[PDB]
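The C-alpha cells that follow cover one protein chain in two forms, given apart as structure 1 and structure 2.
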Structure 1
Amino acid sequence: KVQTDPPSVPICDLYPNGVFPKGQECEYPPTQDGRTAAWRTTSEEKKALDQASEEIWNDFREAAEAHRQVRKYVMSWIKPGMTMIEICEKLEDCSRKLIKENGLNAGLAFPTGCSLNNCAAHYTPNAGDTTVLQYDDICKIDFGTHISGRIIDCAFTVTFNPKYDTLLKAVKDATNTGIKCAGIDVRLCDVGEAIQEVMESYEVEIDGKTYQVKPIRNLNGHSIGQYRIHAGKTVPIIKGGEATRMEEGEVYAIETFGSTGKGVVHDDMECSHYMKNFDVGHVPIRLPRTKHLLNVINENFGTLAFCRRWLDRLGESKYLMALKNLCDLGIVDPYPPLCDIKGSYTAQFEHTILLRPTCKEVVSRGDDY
C-alpha cells in the first residue's frame, strides 16, 4: 500500500499494476511554420508510436519515482557533521531498496555524486575518505537509478547557509529554461544559448563579493541511451555548440552548472568514478587479477558507471593496479572529479526528459524541483 517513514518499500510494490506515475507532460515549444505540438498530443499515429514504447516510458517512470522518494528522504537528514561516506551509504542503501536492485535489471545507474564547493561533479568518497560536510559547503547531490537500463540522471544542490540562495536559484532557473527550450527538431546550440542567457542574468553576492553567475563551459547535458549514460549528443550550456537537432524518441539529461570562478572545470583530486567504454568489445585477458576484475565489472556493472566503494562492497581488495591496467588498456575509462578554481562555488540542477511522440515528459520532475 503506502510507504514507511524511512523509505523501504520498493516502488514496484507500491504500484502492483505495473503502471507508474508519469512526470510533468509538456506540449513542445512552437516553431515558426506551424510545427508546434498542440497536434502531437493529439495525432492518432503519434499516440500509436508513443503507446508502442509505453513499457519503456514505464521503466523510466519507475526509476524516476524511486529517485523522487530517495531524494526527498535525503533532504530530510543530510546535515553538516556527517562524513561524505555516511551520506552516500545512507542514500545508496535506500536507493537499492526502492529500486529493488536486481543485478543489471534494476539498480543504481551510477555512483552518488556529492561534489563540494569548487568541485562541480564526479566526486564520491573512496574508502578512508575522512571528509566531513560543513555548514558553508555547497554540495551537489547527483545520483541515478535505472530499470532495464532506462536511466534517470537527476541532481540538485544542497546548502545550509542562505548566502548561496540566489546562486542556486540561477542554476535552477537555467536548467528549467533548458528543459522548456528542448523539443523535437530543436537545435542543441539554441538550447545552450537560452540556458546561458538566463544563467548570466543573475548576479549574486557572497561574503561581500559580487558575481555574475557563469555557466561551466566545458560541462553539459547529454542524450541518454539504454545502459549508456552518454549516448552521443551533447546539450552545451553556453552558445555556439553545434546546430544538430534533437530527435523524436530521444531521451536527454538537461543539466546545467553555475560557478563564481572561471566557469571551466579541470580534473582534480583522487579518482573514484569509472566506466567501461561502451564501444570496446570482448577482450581476452590472461593477467589473473586484471581478468577477474573485468569479469566482476561485466557481471555487476556492464556499461554502467561504478566507483571504488562499490568494488569494496563486493569483497574485492588490492584491485587498484588491475583497475589501472583496464584503464590503460582503454577497456575502462577514469572519470576524476571536475573542479573550478580554488575558492569558487559551483551549483547544479539536472533532470531527465523523454522526447515522446505526443509530448515532452520531464519524467524526473518532482514537487521539490
Structure 2
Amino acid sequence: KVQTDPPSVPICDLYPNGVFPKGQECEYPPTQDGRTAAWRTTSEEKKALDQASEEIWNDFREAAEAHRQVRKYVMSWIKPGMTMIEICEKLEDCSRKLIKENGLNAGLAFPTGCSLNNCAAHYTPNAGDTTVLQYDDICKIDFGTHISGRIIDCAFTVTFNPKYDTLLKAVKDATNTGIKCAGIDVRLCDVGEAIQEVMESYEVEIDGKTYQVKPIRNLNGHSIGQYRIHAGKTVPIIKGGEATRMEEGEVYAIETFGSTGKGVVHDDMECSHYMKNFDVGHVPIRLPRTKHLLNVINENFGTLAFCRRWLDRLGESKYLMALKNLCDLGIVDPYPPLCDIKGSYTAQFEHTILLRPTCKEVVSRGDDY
C-alpha cells in the first residue's frame, strides 16, 4: 500500500481497487471566436462517451504513475561518473518492477533514451559501450511504459551544470505551450506555430556565447495508438502544416526539442533502436537465424520498439546479421541516433495527453514537470 524507499512495489498493488490517479485535467482551449469549452466538463453526451472508455484511461494512468515514480527515483541518483549502461539498466530494472512486466500485457514501451549533448534522441548504449556521463553533459532521458498497449511517452532533460538552465526552461516552456494549445478540432500546424514562437523567445548564454534557442525542425510530436507509438499524425515544432486537426478520443505525445546548433538532426553513431513496421503483415521466413529472431521479436515486443540490449538479456547472441536481414526486408525499421552539429546542445521535454470527451488530460504530468 506504500512504496518502499527504492521503488519496488508494483503500481498495481499500491491501488487495490484497480483505479489509478488521473493526470492534470484541463478545460479545452477556447477557439479564436472566443468560444469556451466548459460545456464538455459535464455535457451528458460527452460524459457518457468518456466513462465508456474508463478502463482505457485507467490503463494509461497506471503506466503514467509508474513513469512518475521511476523518473523521480532516477533523478535522485543519476550522476556524472556512472556509465550510460549503468544508468539505463538501473532505470529499466525499476520500470519493469513498477509496471509489473507481463509480456505484451504490461512492460516497457520503448528503449531508455539517454541522448547526450548534440545528440537529441534515439541513443541508448549497446553492449560494450563504455561511455560515461560527464558533469557538463546534457542528457535527454526519454523512456516509456505501457499497460495493455496504452503507451506513456514522456521525457525530461538532465544536467548538472547550471549554464544549461535557461535552455532547459526554454524547451520546457515550449512543450507546455504545445500542451496548452492542444485540443479537439485544433489544427496541428497551429500547435507547431505556437511552440516555435515560445521556444524562440528564449535567448541563452553558454560558455561566453549567446544563442537564440531553435526548435529541431525535423523532430516532432505524434498521435499514439494501441501498441503503436506513432499512430499516424505528427505534431510539428515549427510553422509547418501537416494536413489535419486533432480529434476527440485521440492520444498524443507532445514533445519539443531545442538546440543551440542548426536546429536539424541527422543519423549518426551506431544504431540501438529498432521497431517492426506496424503495417507489415506475417512474412514466412526459412533462414534459420532470421526466422528465430523474428519470432523472438514478435513474442517479446510485437510492434513496440526495442534495442540490442533487450535482445542480449533474452539470451540472444550473434543476431546482428539476422537483425540486418529483417531491416533490409523492411520487416523491422532501424532508428539510429539523431544529432545536430558537433558542439551544439539539445534539450527535450515530453508528455502524453488524452483528448477525452469531457476534457484534456496531461496524464503523465507530475510534481516535477
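Residues that one form lacks are left out of the comparison. Quick note, the numbers are simply positions in structure 1, starting from 1. Here the rigid core means the biggest group of C-alpha atoms that line up within 1.5 Å when the two forms are laid on top of each other.
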item	value
Displaced position between structure 1 and structure 2, chosen from 324, 313, 35, 47 (C-alpha, 2 Å or more, rigid core)	35
Rigid-core-fitted C-alpha displacement of residue 275 between structure 1 and structure 2 (angstrom)	0.2
Displacement in Å of the C-alpha of residue 243 between structure 1 and structure 2, rigid core kept as reference	4.3
Segments displaced between structure 1 and structure 2 (3 or more residues, each Cα shift of 2 Å or more, core-superposed)	32 to 36, 240 to 243
